[PDB]
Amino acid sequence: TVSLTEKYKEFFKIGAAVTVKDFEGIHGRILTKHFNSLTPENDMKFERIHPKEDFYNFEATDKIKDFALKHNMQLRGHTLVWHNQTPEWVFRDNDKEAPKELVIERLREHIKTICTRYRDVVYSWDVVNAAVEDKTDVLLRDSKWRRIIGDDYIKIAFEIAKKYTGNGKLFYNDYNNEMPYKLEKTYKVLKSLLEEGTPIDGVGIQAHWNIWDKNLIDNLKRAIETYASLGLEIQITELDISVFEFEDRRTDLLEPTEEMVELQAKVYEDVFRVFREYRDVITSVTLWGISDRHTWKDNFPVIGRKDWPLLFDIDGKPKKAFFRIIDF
């Protein structure tokens, strides 16, 4: 039995990425059993919730909020400002590109609207997502947000959100931010935000991981400690552990191999022991899905294959990895 949220009740919240259909059937039972935190996988993203300037779509996010309230769960607000899944209208002023202040004013109104509607159920917001340049050694990714608003756009987004979020915690969220090159760069960016009076409460470590990273444990321990030194909360926001190396695009596997299944268990053990070790600084751990039945990893980075990245298998049964992380 041993629901995960209960077992971890004194350590951190235990979360899952969700859509409306996940409240039904076997997924719905896993959630209410094991999880006390929910993140809308897509429905709170700008393109989905606010597809045209004069049109918001609240149906899905309202349903997610309601389900959470009815089951004593809370939400992570994902995400306000991101270079992906953001509609082009935001950056257009008719036939011209939109200037800095117009984009800021649209952002103001978007954040006001979304944060006002969900502030009562959201405990943490991903205010800015994946703003740190992941490839080159320039600090900031060069998105339309970053280009048009300018160098201060992260502070600007955080100051706006702080108006409407109450006691919700404000997070900067990103991937690969446990890796040495990106850790150093992210640390720099966050340290400077804080010295500028940015109301940032913590860092999201997305944790889109895989079984073959022999550097992960050392990388994770470092990162957690490095971010903690800035006085930031830590949340593991989108945990999954792929059986493939990122650039292994093989499409042949119908199932995980024995070495893969067992290596995954060890890595889940290793990461969750690290999560448990840093219980004082980690406030939430969310997995990017419930079971291997629905995972974005089936279409990223390769359209139309299968991955087995989560704690519950395609049938909905707890994997040996599950029982490892609850043996404590």
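A residue's number is simply how far along the shown sequence it sits, counting from 1.
Trainee: Decide which of the stretches 91-99 and 75-83 has the higher mean C-alpha B-factor, going by the entry.
Mentor: Between 75-83 and 91-99, it is 91-99.
Trainee: Can you tell me which stretch has the higher mean Cα B-factor, 106-114 or 191-199?
Mentor: Stretch with the higher mean C-alpha B-factor: 191-199.
Trainee: Choose from 174, 240, 142, 255 the residue with the greatest Cα B-factor as stated in the PDB record.
Mentor: If I rank 174, 240, 142, 255 by C-alpha B-factor, first place goes to 255.
Trainee: Would you mind finding, among 249, 163, 214, 155, the residue with the largest C-alpha temperature factor in the entry?
Mentor: That would be 214.
Trainee: Can you tell me which third, lowest, middle or highest, the CA B-factor of residue 278 falls into for its chain?
Mentor: As the PDB entry reports it, the C-alpha B-factor of residue 278 lands in the highest third of its chain.
Trainee: If you rank the chain by CA B-factor, which third does residue 147 end up in: lowest, middle or highest?
Mentor: For residue 147, whose C-alpha B-factor we compare with every modelled residue in the chain, the answer is the middle third.
Trainee: Select lowest, middle or highest to describe the third in which the CA B-factor of residue 49 falls within its chain in this entry.
Mentor: Lowest third of the chain for residue 49's C-alpha B-factor.
Trainee: Quick one: classify residue 34 as lowest, middle or highest third of the chain based on its Cα B-factor.
Mentor: Residue 34: CA B-factor falls in the highest third of its chain.
Trainee: Looking at the entry's B-factor column for C-alpha atoms only, identify whether residue 232 ranks in the lowest, middle or highest third of its chain.
Mentor: According to the entry, residue 232 has a C-alpha B-factor in the chain's middle third.
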